[PDB]
Amino acid sequence: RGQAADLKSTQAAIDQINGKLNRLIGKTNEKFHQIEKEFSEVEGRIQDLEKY
Amino acid sequence: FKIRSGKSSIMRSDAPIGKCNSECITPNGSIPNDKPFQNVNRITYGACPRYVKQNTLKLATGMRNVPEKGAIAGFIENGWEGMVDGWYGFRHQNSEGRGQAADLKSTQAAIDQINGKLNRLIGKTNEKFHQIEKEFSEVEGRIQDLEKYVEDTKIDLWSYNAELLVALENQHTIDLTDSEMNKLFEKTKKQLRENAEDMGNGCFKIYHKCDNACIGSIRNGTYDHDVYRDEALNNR
Amino acid sequence: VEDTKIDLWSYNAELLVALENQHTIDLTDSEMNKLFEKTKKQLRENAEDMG
Amino acid sequence: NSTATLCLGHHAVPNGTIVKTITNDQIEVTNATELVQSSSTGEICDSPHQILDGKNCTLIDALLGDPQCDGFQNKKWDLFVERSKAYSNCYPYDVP
Amino acid sequence: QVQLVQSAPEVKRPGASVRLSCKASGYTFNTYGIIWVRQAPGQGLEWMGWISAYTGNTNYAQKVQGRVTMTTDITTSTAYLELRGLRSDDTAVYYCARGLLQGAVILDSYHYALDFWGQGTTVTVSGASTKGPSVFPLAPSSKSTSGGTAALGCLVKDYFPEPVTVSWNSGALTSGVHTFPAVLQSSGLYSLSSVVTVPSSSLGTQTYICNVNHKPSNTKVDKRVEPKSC
Amino acid sequence: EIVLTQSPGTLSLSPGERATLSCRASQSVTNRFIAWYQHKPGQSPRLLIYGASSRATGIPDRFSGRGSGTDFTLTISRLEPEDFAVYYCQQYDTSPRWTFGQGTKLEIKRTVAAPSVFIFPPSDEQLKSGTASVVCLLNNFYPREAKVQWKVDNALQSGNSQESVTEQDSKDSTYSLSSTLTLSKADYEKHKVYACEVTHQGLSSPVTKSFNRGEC
Amino acid sequence: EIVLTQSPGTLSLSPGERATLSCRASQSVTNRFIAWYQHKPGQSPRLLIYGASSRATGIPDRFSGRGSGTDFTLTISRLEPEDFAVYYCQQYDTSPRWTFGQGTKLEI
Ligand SMILES: *[C@@H]1O[C@H](CO)[C@@H](O[C@@H]2O[C@H](CO)[C@@H](O[C@@H]3O[C@H](CO[C@H]4O[C@H](CO)[C@@H](O)[C@H](O)[C@@H]4O)[C@@H](O)[C@H](O[C@H]4O[C@H](CO)[C@@H](O)[C@H](O)[C@@H]4O)[C@@H]3O)[C@H](O)[C@H]2NC(C)=O)[C@H](O)[C@H]1NC(C)=O
Ligand SMILES: *[C@@H]1O[C@H](CO)[C@@H](O[C@@H]2O[C@H](CO)[C@@H](O[C@@H]3O[C@H](CO[C@H]4O[C@H](CO)[C@@H](O)[C@H](O)[C@@H]4O)[C@@H](O)[C@H](O[C@H]4O[C@H](CO)[C@@H](O)[C@H](O)[C@@H]4O)[C@@H]3O)[C@H](O)[C@H]2NC(C)=O)[C@H](O)[C@H]1NC(C)=O
Ligand SMILES: *[C@@H]1O[C@H](CO)[C@@H](O[C@@H]2O[C@H](CO)[C@@H](O[C@@H]3O[C@H](CO[C@H]4O[C@H](CO)[C@@H](O)[C@H](O)[C@@H]4O)[C@@H](O)[C@H](O[C@H]4O[C@H](CO)[C@@H](O)[C@H](O)[C@@H]4O)[C@@H]3O)[C@H](O)[C@H]2NC(C)=O)[C@H](O)[C@H]1NC(C)=O
Ligand SMILES: *[C@@H]1O[C@H](CO)[C@@H](O[C@@H]2O[C@H](CO)[C@@H](O[C@@H]3O[C@H](CO)[C@@H](O)[C@H](O[C@H]4O[C@H](CO)[C@@H](O)[C@H](O)[C@@H]4O)[C@@H]3O)[C@H](O)[C@H]2NC(C)=O)[C@H](O)[C@H]1NC(C)=O
Ligand SMILES: *[C@@H]1O[C@H](CO)[C@@H](O[C@@H]2O[C@H](CO)[C@@H](O)[C@H](O)[C@H]2NC(C)=O)[C@H](O)[C@H]1NC(C)=O
Ligand SMILES: *[C@@H]1O[C@H](CO)[C@@H](O)[C@H](O)[C@H]1NC(C)=O
């Protein structure tokens with residue numbers, strides 16, 4: 001009894017997974033200036049809209 | 001007075017106040033908090049379903065409904081209306097006579113998949129207390145345009161997401177239910193091996209002496225090719 | 001507001017394009033595989049799969 | 001004869017609903033659940049969120065102390081349901 | 001109506017195997033599963049496993065994965081739980097509640113919860129020999145023990161296994177009777193104490209006798225309780 | 001696994017008051033699961049609230065359930081004598097699995113009551129056997145919190161005693177406790193003074209009951 | 001089935017006046033369907049608007065299709081004597097079903 005593993009199918013699956021992972025883990029959101037969620041006081045119309 | 005950071009809010013409605021219990025409150029009335037999407041009014045307070053423009057979105061909780069037309073048929077293009085004990089089953093025409101039985105295991109496996117899907121959709125509740133106002137009595141110019149745009153864009157995005165979710169889940173449901181039957185077909189083919197052949201239609205054409213015990217042995221999983229092997233005379 | 005809306009809509013469109021393209025490829029290949037199976041069923045024991 | 005036959009089949013319902021796949025607009029299914037709520041009971045339920053019926057007073061009017069809203073003085077609410085029939089009976093007031 | 005009837009109380013020796021039965025009436029058996037949950041003495045409910053009547057599928061708790069085997073019988077709606085390699089910690093009360101609906105899609109959460117429960121079966125696992133109780137009186141104290149309240153009792157000691165039924169004066173006395181829960185002694189034999197409060201004046205007038213029944217040993221002992229005099 | 005923690009573990013409340021029982025989830029779970037059960041002493045457990053807020057058939061409407069995500073609560077109003085029991089909280093894993101709760105005890109009804117303390121010396125017959133048992137009894141006392149210390153010739157004894165307590169008595173909602181001291185006959189003869197000291201909320205000064213060996 | 005309701009059933013206008021016809025669909029339709037036809041009496045029906053707003057080849061520029069969702073409209077600018085006819089609403093669906101409309105008559 002012995003075991004030999006087909007390399008071709010294994011690496012085909014690995015290539016596909018590599019492709020999807022490469023699509024996902026290279027994200028960069030270059031966004032600088034925005035609004036704030038730190039409010040030491042209470043304002044009204046603006047604040048309710050800013051939070052929403 | 002007292003100013004507290006809090007979750008209390010205010011709503012403009014003329015609906016009557018009754019005696020009951022309901023987590024979600026909308027100006028028209030209280031609505032169930034179960035269904036993931038709603039089309040009553042954008043104004044909400046509490047654990048309310050997300051608001052989408054669509055009136056009815058149908059999530060399939062069953063397999064494709066294929067009708068049926070002496071002889072018997074299989075999954076290829078026919079569907080037994082009379083089968084009620086289970087979703088997928090075996091019919092047989094042996095020497096004793098035609099009979100019908102259902103495979104419980106495959107039915108419950110597919111149903112469990114559907115159940116998990118349903119659990120991931122219906123159960124969730126989104127809790128939201130104080131919000132902007134979308135109903136405006138007068139014309140205020142700038143600020144009105146911004147907040148109206150916010151809610152309109154939010155509604156549109158959520159509607160697209162809901163349609164995508166419903167369609168994707170429906171497609172997965174149908175594909176899964178068909179695949180379960182195809183899996184039963186392949187398992188039965190492996191068990192029969194040399195003593196059968198696919199007759200085109202879902203009916204396996206088996207050539208060996210089968211009593212009711214033979215059919216029972218096929219379904220519960222004891223049909224042994226060796227015991228009935230000598231009937232390989234099929235070719236000759 | 002506009003930036004958030006544009007990014008969200010863009011991601012939705014990207015996911016839609018990817019999924020729909022994958023479905024089209026799968027559909028096209030599945031029809032051919034089904035044709036192969038039906039031809040095998042018709043031929044019965046007259047011929048084998050050459051590979 | 002010594003040749004039997006075993007057919008593998010699924011179930012069908014005489015009463016079929018229609019859903020939408022990714023591809024086909026109309027595909028028939030056995031049981032379909034509705035994911036969108038499109039109705040109302042008609043009444044706002046008091047439990048389990050504390051509701052204060054505004055009756056004839058807006059929240060600002062109750063804050064000021066307009067005599068009709070004398071009852072609402074020093075009250076705690078989770079959802080003040082202002083009503084369309086709101087009216088004020090006191091010195092004309094404008095709130096920037 | 002929907003009803004679940006369990007098996008009988010059992011006594012087992014450490015290292016043995018026990019089989020427990022649960023029977024369903026009224027509802028269609030094949031549609032719902034049977035789920036076993038146990039309560040150890042002074043412990044919260046503890047899930048053990050789930051068996052399906054539709055499918056043969058079983059899921060067991062991690063602590064008892066190896067030792068637990070569960071089976072179902074369509075005729076007649078009977079679920080069997082077999083626990084092997086019994087240990088002292090397995091002494092508990094085992095319940096069999098109805099489980100998830102294994103016949104159709106599920107929207108109500110009622111089928112996703114345990115609803116109809118059996119009475120439960122008590123399984124006590126210990127190496128002790130079955131033993132009848134020994135009754136020693138708890139005498140009324142001197143100085144009347146109090147101005148108008150007199151306390152007397154019976155000590156039930158060195159008995160195995162539970163239960164014991166204790167009655168006072170053949171059921172005539174039902175007021176002020178307290179029967180404390182048994183405690184497991186270090187030796188492994190349960191011990192119990194039963195007391196009752198009577199008027200001090202009545203001590204001379206009425207003779208107080210405690211009746212103790214131990215069905216497993218088939219031993220019944222009645223002891224007179226009287227104030228000791230010197 | 002998804003461990004569930006039940007807040008307050010023991011709650012005491014007079015009849016006719018609202019009660020809130022808390023179940024806290026280690027991880028967020030849909031409202032579909034996390035049902036609420038009742039266990040009455042000596043009785044099979046009962047289902048009160050299924051799902052999250054739905055009321056099971058035959059359950060009084062006073063019982064109400066609510067909650068989301070990590071936090072789930074059970075609210076009882078117009079508390080009646082039927083309600084007093086232990087309560088449990090549970091949920092479900094996709095592969096059938098049911099993690100339960102520690103147990104919240106609704107020991108309730110009030111009116112602090114002083115314990116009545118009595119002491120029972122070992123019988124002579126038990127002495128013939130070779131084992132001696134001294135019994136100290138606390139009768140009709142509330143609350144259930146009480147401390148008993150054993151004093152042999154004014155010497156504290158630890159590890160040689162066991163305790164047993166009755167449930168709530170229906171008539172007066174009081175508890176009763178028994179403390180048993182187990183000793184050998186020789187050790188019993190080695191000392192002449194035997195006492196049990198009881199400290200309780202009702203008793204401002206601890207109450208001690210004692211007997212002298214061979215003296216009745 | 002999906003029912004398309006036309007409006008008004010009879011429209012009387014003077015020659016040289018704009019005419020607006022309205023067809024409301026029972027359910028929302030992608031603009032890829034819903035087409036407009038003309039049926040002069042005693043002649044074969046003619047296709048005026050295919051798609052939603054696209055004129056068919058060899059159709060006068062005056063005919064203008066428009067609309068979206070439930071409501072679709074056909075507007076004729078500068079009505080001429082050739083235009084007197086009955087106009088028909090049409091839809092289409094995945095399994096080929098071409099549900100027509102009741103029709104609007106131009107009694108100019
Ligand atoms: C198809 O897929 C759906 C979606 O998942 C499943 O959904 C529900 O299944 C249950 C049946 O177990 C039904 O739930 C019940 O709804 C009642 C609300 O009333 C509506 O529904 C009934 C029809 O059932 C209408 O006649 C009525 O006008 C309303 O439209 C509740 O009142 C029920 O609560 C309890 O009622 C009695 C009280 O005595 C109990 O005995 C019951 O057991 C129940 O616990 C219950 O909530 C519901 O109708 C189904 N929904 C839909 C949309 O159909 C189906 O189970 C599933 N079916 C199949 C065959 O696959
Ligand atoms: C089998 O026999 C049953 C009778 O028992 C029939 O089943 C009903 O089928 C209809 C259609 O699917 C369901 O009705 C509702 O559909 C609405 C929108 O779909 C269309 O409905 C009608 C009927 O064709 C059209 O005219 C209309 O223009 C729509 O395009 C939804 O709005 C409904 O959901 C909501 O309805 C109410 C009202 O708001 C809410 O209160 C509900 O909570 C819910 O959110 C609903 O889906 C109906 O549900 C089916 N009933 C049952 C018991 O299954 C079938 O018609 C029949 N089939 C055949 C082939 O004969
Ligand atoms: C919130 O707001 C509402 C609406 O303003 C208030 O309800 C009003 O209360 C007053 C005081 O009771 C009512 O005034 C009465 O008007 C009657 C005639 O009104 C009729 O016609 C009008 C239309 O013009 C209708 O809207 C109305 O319903 C009636 O049909 C008089 O007949 C009354 O006189 C009474 O007292 C005299 C005393 O001398 C007697 O002689 C009379 O016989 C009679 O008994 C009285 O003047 C007013 O009508 C009410 N409006 C409505 C719509 O009901 C609420 O009080 C206010 N506050 C709260 C907390 O809700
Ligand atoms: C819950 O409450 C909401 C809010 O009140 C409510 O939604 C509103 O319903 C009304 C009535 O349907 C809407 O007003 C309509 O607006 C459209 C678009 O402008 C008009 O075409 C409508 O006109 C009708 O009447 C005409 C008479 O000549 C007809 O010719 C025409 O075809 C229409 O039938 C009508 O004015 C309103 O826009 C909505 N939305 C809001 C924010 O008010 C809702 O119906 C309530 N109920 C439920 C179940 O949600
Ligand atoms: C499988 O189904 C058959 C249906 O007849 C069951 O019956 C057995 O059939 C075989 C046929 O070769 C006989 O040899 C046995 O004596 C039959 N047994 C009984 C009890 O009638 C068979 O028991 C089923 N097997 C399993 C494992 O369920
Ligand atoms: C609801 O009907 C409207 C038309 O009034 C349409 O915009 C929407 O697509 C419909 N939702 C469906 C068919 O799910």
# chains A, B, ... in the order shown; residues from 1 in each chain; ligands from 1
>>> select_by_dssp(residues="chain D", states="helix (DSSP H, G or I)", output="ChimeraX atom specification")
/D:59-64,67-72
>>> write_last_selection(atoms="N, CA, C and O atoms", output="short mmCIF file (atom, residue, chain, number, x, y, z; two decimals), in the first residue's frame")
data_model
loop_
_atom_site.label_atom_id
_atom_site.label_comp_id
_atom_site.auth_asym_id
_atom_site.auth_seq_id
_atom_site.Cartn_x
_atom_site.Cartn_y
_atom_site.Cartn_z
N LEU D 59 -44.66 68.90 20.99
CA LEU D 59 -43.67 68.74 22.05
C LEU D 59 -43.16 70.09 22.53
O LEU D 59 -42.98 70.31 23.73
N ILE D 60 -42.93 71.03 21.60
CA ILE D 60 -42.48 72.36 21.98
C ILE D 60 -43.54 73.06 22.83
O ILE D 60 -43.22 73.73 23.82
N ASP D 61 -44.81 72.91 22.45
CA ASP D 61 -45.88 73.53 23.22
C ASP D 61 -45.95 72.97 24.64
O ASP D 61 -46.18 73.71 25.60
N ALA D 62 -45.77 71.66 24.78
CA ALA D 62 -45.73 71.06 26.11
C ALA D 62 -44.53 71.55 26.90
O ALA D 62 -44.62 71.77 28.12
N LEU D 63 -43.38 71.71 26.23
CA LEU D 63 -42.19 72.24 26.88
C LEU D 63 -42.44 73.65 27.43
O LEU D 63 -42.07 73.95 28.57
N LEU D 64 -43.07 74.51 26.63
CA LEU D 64 -43.30 75.89 27.05
C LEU D 64 -44.26 75.96 28.24
O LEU D 64 -44.03 76.73 29.17
N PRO D 67 -51.37 75.97 28.51
CA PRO D 67 -52.19 75.35 29.57
C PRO D 67 -52.86 74.04 29.17
O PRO D 67 -53.03 73.17 30.03
N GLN D 68 -53.24 73.86 27.90
CA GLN D 68 -53.84 72.60 27.49
C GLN D 68 -52.93 71.42 27.81
O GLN D 68 -53.40 70.33 28.17
N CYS D 69 -51.61 71.61 27.70
CA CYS D 69 -50.63 70.57 27.96
C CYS D 69 -50.22 70.49 29.43
O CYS D 69 -49.21 69.85 29.75
N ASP D 70 -51.00 71.09 30.34
CA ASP D 70 -50.70 70.99 31.76
C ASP D 70 -50.54 69.54 32.21
O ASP D 70 -49.72 69.25 33.09
N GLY D 71 -51.31 68.62 31.62
CA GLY D 71 -51.19 67.22 32.00
C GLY D 71 -49.85 66.60 31.66
O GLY D 71 -49.37 65.73 32.38
N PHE D 72 -49.22 67.04 30.56
CA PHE D 72 -47.97 66.44 30.13
C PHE D 72 -46.77 66.89 30.95
O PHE D 72 -45.65 66.42 30.69
#
>>> interface_residues(of="chain A", to="chain B", cutoff="7 Å", atoms="only C-alpha atoms", output="ChimeraX atom specification")
/A:48-49,52
>>> write_last_selection(atoms="N, CA, C and O atoms", output="compact mmCIF listing (two decimals), in the first residue's frame")
# COMPACT_ATOMS: atom_id res chain seq x y z
N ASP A 48 -27.99 65.18 13.70
CA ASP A 48 -28.84 64.05 13.35
C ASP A 48 -28.56 63.58 11.93
O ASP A 48 -28.55 62.37 11.65
N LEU A 49 -28.32 64.52 11.01
CA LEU A 49 -27.99 64.15 9.64
C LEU A 49 -26.58 63.58 9.54
O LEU A 49 -26.36 62.59 8.82
N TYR A 52 -26.55 59.97 10.77
CA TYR A 52 -27.31 59.07 9.91
C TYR A 52 -26.49 58.61 8.71
O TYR A 52 -26.54 57.43 8.33
>>> closest_atom_pairs(of="chain G", to="ligand 2", cutoff="9 Å", atoms="only C-alpha atoms and all ligand atoms", output="CSV")
residue,atom,partner,partner_atom_place_in_ligand_line,distance
G:1,CA,ligand 2,24 (O),7.9
G:2,CA,ligand 2,28 (O),8.0
G:26,CA,ligand 2,28 (O),6.3
G:27,CA,ligand 2,30 (O),6.4
>>> residues_near_ligand(ligand="ligand 1", cutoff="6 Å", atoms="only C-alpha atoms and all ligand atoms", output="CSV table (one decimal) with C-alpha atoms, in the first residue's frame")
chain,number,residue,atom,x,y,z
B,61,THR,CA,-38.7,27.2,-0.1
D,31,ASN,CA,-43.7,26.6,-1.5
D,32,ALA,CA,-42.6,30.3,-1.6
D,33,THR,CA,-42.3,32.5,1.4
E,104,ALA,CA,-40.7,20.2,6.3
E,105,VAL,CA,-39.4,23.7,6.1
E,106,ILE,CA,-39.5,25.6,9.4
E,107,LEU,CA,-40.6,29.2,10.1
E,108,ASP,CA,-42.2,29.1,13.5
>>> residues_near_ligand(ligand="ligand 4", cutoff="8 Å", atoms="only C-alpha atoms and all ligand atoms", output="ChimeraX atom specification")
/B:27-28,39-42,135 /D:38-40
